[PDB]
Amino acid sequence: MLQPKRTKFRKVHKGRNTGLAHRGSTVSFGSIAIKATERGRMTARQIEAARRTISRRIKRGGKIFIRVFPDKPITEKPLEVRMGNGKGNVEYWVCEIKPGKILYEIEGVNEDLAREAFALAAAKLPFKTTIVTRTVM
Amino acid sequence: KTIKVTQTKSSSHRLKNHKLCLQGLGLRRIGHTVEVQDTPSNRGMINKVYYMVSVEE
Amino acid sequence: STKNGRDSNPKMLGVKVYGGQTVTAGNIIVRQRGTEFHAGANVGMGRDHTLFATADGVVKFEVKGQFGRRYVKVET
Amino acid sequence: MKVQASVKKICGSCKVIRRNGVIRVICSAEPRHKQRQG
Amino acid sequence: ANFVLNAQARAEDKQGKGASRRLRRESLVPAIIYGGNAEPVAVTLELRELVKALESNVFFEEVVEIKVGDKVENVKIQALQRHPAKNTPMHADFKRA
Amino acid sequence: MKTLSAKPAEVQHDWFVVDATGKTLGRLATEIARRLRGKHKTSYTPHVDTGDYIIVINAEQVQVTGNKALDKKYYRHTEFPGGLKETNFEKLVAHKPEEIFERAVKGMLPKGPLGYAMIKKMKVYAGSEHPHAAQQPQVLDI
RNA sequence: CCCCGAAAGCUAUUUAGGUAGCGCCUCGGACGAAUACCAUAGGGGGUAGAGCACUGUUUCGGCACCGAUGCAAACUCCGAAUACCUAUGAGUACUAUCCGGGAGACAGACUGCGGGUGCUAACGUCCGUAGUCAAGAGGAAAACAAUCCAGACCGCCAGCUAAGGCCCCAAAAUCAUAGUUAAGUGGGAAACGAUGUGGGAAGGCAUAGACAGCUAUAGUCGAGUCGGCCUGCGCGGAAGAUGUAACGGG
Ligand SMILES: [Zn+2]
């Protein structure tokens, strides 16, 4: 369950998720990677579930690079509570995802095994993904 | 030296400056045609409301 | 019950006379909390860093000096 | 017969067919692999 | 001499955001050619040929020929822009060599 | 008062006979409704019935396209609770072919006393014979 | 009977459904280009975007530092479009300003755009900004204040158009030329599933004989065959209570 060790502020504005992921869309650490093709939110539990699935499939024979970190807190009201009376309490952490953002990379396994692991992990995610490989430019 | 401009759409719900551009060109109603000097100052007003005028150049 | 809910009254800072305008002696040019702009020729500085004109003329902004400070002056 | 939103081939003796606009899977070896999408 | 890209001149009326989007809707790719002792020249490439060439690995380390009309330029690829989500090439840079 | 209305006492109703063998139901019904209302006459008047008499023969030979022969549904409600009755084109054309034409043309005629009067001029028969030889209908190929 | 025509805001209030000053309406007088729209010229910015130079935060290596790699309303080495201020100028327009008599109003609503809050719920709530209603009829939306087109001085059995339409209810094309769909899709919905069909760019094997079937890699036969990528339109996923009832009907 990834989460920042400490934060400068506790609660943040909702914001709007727009635009494409020009940064963080290039394979840098491994040889094969999975990237999102539509935008959304990615929770820490989702990140952990996908990582566990990939590691279990590849039997820890390679290295998995996680390139998403959930540094955005999300609040909810305590339930049965009326509107107003201040902002709600922090409940979980998410990472904003834009189309093109790379989520996981794998180093040191066969392409077939890596693609099987990525197909297994894609079923755990709330958005559509695709598979990319390292290229010269 | 002069061009003819015709109003082709209603101006009732347009922006304030767009209505003022129509008035400063002298157009008063749909189908009205006026003849104005061809100067950059007039061209600015015409271009701002391009979407509801027709220019016989 | 929230512990927040306070704020102060507005202070209405900012540039009052822009470049190219003509001023009379005594006119306030810039209201500022600190010296974002510095006083050039014919411009005086008040106790709260307000910049005002000390002569009649035209206001001009510039960037000058070895520190790259912003200056505003009055040309007679 | 299994009724699922997702129907797929299980082994090498399964066949995917369409009857009256319905996708079905029929297996020659194992009757328990028989599927119908719905 | 092994790699040859047939191109067309990309004029001022074909430069800009809207013109580039129209070109890419036509399945064409904008590119620029710059390098010592001559002014830059803007050209239009075919997406099909660009993808075919990029599939080869020796294309990134070999002198290639961009041919527009009768003019011929000997260049090496310098930079490429891809779509963040679709990986389609969108613009090319070529340094004279 | 220069535009004149047609007078009911001066209207002439003419008799026509139409064969339904192989025709598409709706594309026949539109023409039947037009001629029943009198839209084809230069004395057309909205409040006056100026149309003609239409005799449809071979009613059970009418056709529908696609899969409508099995899928097109005809509903009615007896006003008792749960009294919704349902049938389809395949059964209805075999059982009561005239009701299909009655529904199709009634849906295209005006809804009121004048429409009720207009639809009385259409005679539908399943066989190839009609009992109106005395009126000497003319063959109308619509 | 004729002319003009608001507001539901700010500030304060034992004030909050009241009232007062200001903002907005009207009438009289004074004074005329001092006003506005647009063009050109001068000017400050720290938002959108972006970035890691500070403040925080993040991953992987090497030895707090070095190399790669992300994030930010209360971070900034940078940084627009618009908006705002000033001067000059053409054309168009009853504009601007000052002094007085009379007010009403200080419960707003929806929609688009930028946001806070809420669950990126609510015909929810609170701001900024524009339009409409309020105080506005007509036409199109089946019916439908707030959407689209358009601003009704009176009369006409005259004509042209806007939005939207032209088989019948019901005015106008059963108009013309190319394709696609077979689901009544059109005329409600997701992850996901599948040899449904149209188009496109590549790749593999093959008449010194390919794929399938068939006989013990060889052999009968006699041309195409195979597996992926992009894309148009379709299919399943899809259960509710009065009666078809999710094209207004035919
Ligand atoms: Zn099986």
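So that the names make sense, note that chain A is the first sequence line, chain B the second, and so on, each numbered from 1. Side chains are part of it too, since the values below use all heavy atoms of this structure and drop only hydrogens, waters and symmetry mates.
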Peer 1: Enter the distance from A:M137:CE to E:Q81:CD here, rounded to the nearest 0.5 Å.
Peer 2: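 The CE atom of A:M137 sits 12.0 Å away from the CD atom of E:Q81.
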Peer 1: For E:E12, does the CD atom have more than 12 heavy-atom neighbours from other residues, nucleotides or ligands under 6.0 Å away?
Peer 2: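 No, the 6.0 Å shell around CD holds no more than 12 heavy atoms from other groups.
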Peer 1: Kindly check if the number of other-residue, nucleotide or ligand heavy atoms within 6.0 Å of CG (A:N85) is above 12?
Peer 2: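 Atom CG in A:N85 is not crowded, with 12 or fewer foreign heavy atoms closer than 6.0 Å.
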Peer 1: Which residues pass the ring-ring contact (aromatic ring centres under 6.0 Å, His included) test with A:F69, sequence neighbours left out?
Peer 2: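 So A:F69 forms no ring-ring contact (aromatic ring centres under 6.0 Å, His included) with any residue.
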Peer 1: If you count heavy atoms of other groups shown closer than 6.0 angstrom to NZ of A:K124, is the number above 12?
Peer 2: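 No, NZ of A:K124 has 12 or fewer neighbouring heavy atoms, counting only those of other groups under 6.0 Å.
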Peer 1: Under 6.0 Å from the NZ atom of E:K67, do we count more than 12 heavy atoms belonging to anything else shown?
Peer 2: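 Counting other residues, nucleotides and ligands, NZ of E:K67 exceeds 12 neighbours.
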Peer 1: Within a reach of under 6.0 Å around NZ of E:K95, are more than 12 heavy atoms found that belong to other residues, nucleotides or ligands?
Peer 2: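 Check fails, neighbour count at 12 or below.
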Peer 1: In the structure I gave you, are the side-chain heavy atoms of A:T130 and E:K86 within less than 4.5 Å of one another anywhere?
Peer 2: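 No, too far: nothing below the 4.5 Å cut-off.
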Peer 1: Can you tell which of A:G100, A:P99, A:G24 has the highest number of heavy-atom pairs within less than 4.5 Å of chain E?
Peer 2: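 Winner by heavy-atom pair count: A:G100.
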Peer 1: In terms of heavy-atom proximity below 4.5 Å to chain A, should E:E61 be classed as side chain, backbone, both, or neither?
Peer 2: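 E:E61 has no heavy atom closer than 4.5 Å to chain A.
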Peer 1: Looking only at non-hydrogen atoms, find the nearest pair between A:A21 and E:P84 and report the distance.
Peer 2: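 In this case the closest contact between A:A21 and E:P84 is O-CB, 3.7 Å.
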Peer 1: When rounded to the nearest 0.5 angstrom, what distance separates CG in E:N87 from NZ in A:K35?
Peer 2: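 Between atom CG of E:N87 and atom NZ of A:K35 there are 5.0 Å.
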Peer 1: Tell me, out of A:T26, A:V136, A:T37, A:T135, who's got the most heavy-atom pairs with chain E below 4.5 Å.
Peer 2: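 Top option by heavy-atom pairs under 4.5 Å: A:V136.
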